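Down below is the structure, laid out as structure tokens.
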Amino acid sequence: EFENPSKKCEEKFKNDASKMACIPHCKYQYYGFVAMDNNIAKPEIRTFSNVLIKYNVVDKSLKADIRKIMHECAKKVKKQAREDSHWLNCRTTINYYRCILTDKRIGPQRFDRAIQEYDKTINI
């Protein structure tokens, strides 16, 4: 029985008081936008930018710019979380998501719709 990452992650964290943070983080890991070890590097950025372009969140001509801001955000997210307490979990995706959406060009509504549609194509 195969499910979309959204459903799989909701089930995993159904009895977890941290679920509002860990459900999105679980999903981004299944999408390949964040590595299973919480790192964000070239492979994850190539995947995430490819999804955003395919769903026309930004024009295809901006693919180099979006990869550059994703690399900027991966660095800033690492530096933000360095002093994080041991028990603060699932923040990588939260901080990465917020950072990407500080780019003036990316509309949060289109961005969310693209990832929701991408979610439906993954059966795991």
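The chains in the structure tokens are called A, B, ... from first to last as shown; in each chain the residues are counted from 1, and the ligands are counted from 1 in the order shown.
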
Item to check | Shell of 8 Å around residue 107 (chain A), only C-alpha atoms, local chain residues under 4 positions omitted, as a PyMOL selection string | outcome: chain A and resi 57+101+111

If you keep N, CA and C atoms, can you produce a file of those selected residues as a CSV table (one decimal), in the first residue's frame?
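Ended up saving to result-v6.csv:
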chain,number,residue,atom,x,y,z
A,57,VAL,N,6.2,28.2,-10.7
A,57,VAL,CA,6.2,29.1,-9.6
A,57,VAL,C,7.0,30.3,-9.9
A,101,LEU,N,11.0,32.0,0.9
A,101,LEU,CA,9.9,32.9,0.7
A,101,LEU,C,10.2,34.4,1.1
A,111,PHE,N,3.6,28.8,-4.6
A,111,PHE,CA,4.6,27.9,-4.0
A,111,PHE,C,3.9,26.7,-3.3

Item to check | Polymer residues at most 7 Å from region 62-74 of chain A, only C-alpha atoms, same-chain spacing of 3 or more positions, as a VMD selection string | outcome: chain A and resid 40 45 49 58 to 59 77 to 78 96 99 to 100

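Note that CA of residue 15 (chain A) and CA of residue 98 (chain A) are 25.6 Å apart.
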
Checklist entry - Could you write out, as a VMD selection string, all the residues of chain A that DSSP marks as alpha helix (DSSP H)? => result chain A and resid 5 to 12 19 to 31 42 to 54 63 to 81 91 to 100 108 to 120

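Straight-line separation from CA of residue 5 (chain A) to CA of residue 42 (chain A): 22.1 Å.
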
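If only C-alpha atoms are the atoms counted, then among A:18, A:41, A:32, A:24 the closest residue to residue 88 (chain A) is A:18.
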
Checklist entry - Using only C-alpha atoms, which of the listed residues (A:23, A:55, A:11, A:4) sits closest to residue 113 (chain A)? => result A:55

Item to check | Minimum-distance residue to residue 46 (chain A), chosen among A:27, A:104, A:34, A:84 (using only C-alpha atoms) | outcome: A:34

Checklist entry - Distance CA of residue 12 (chain A)-CA of residue 26 (chain A), one decimal place? => result 8.9 Å
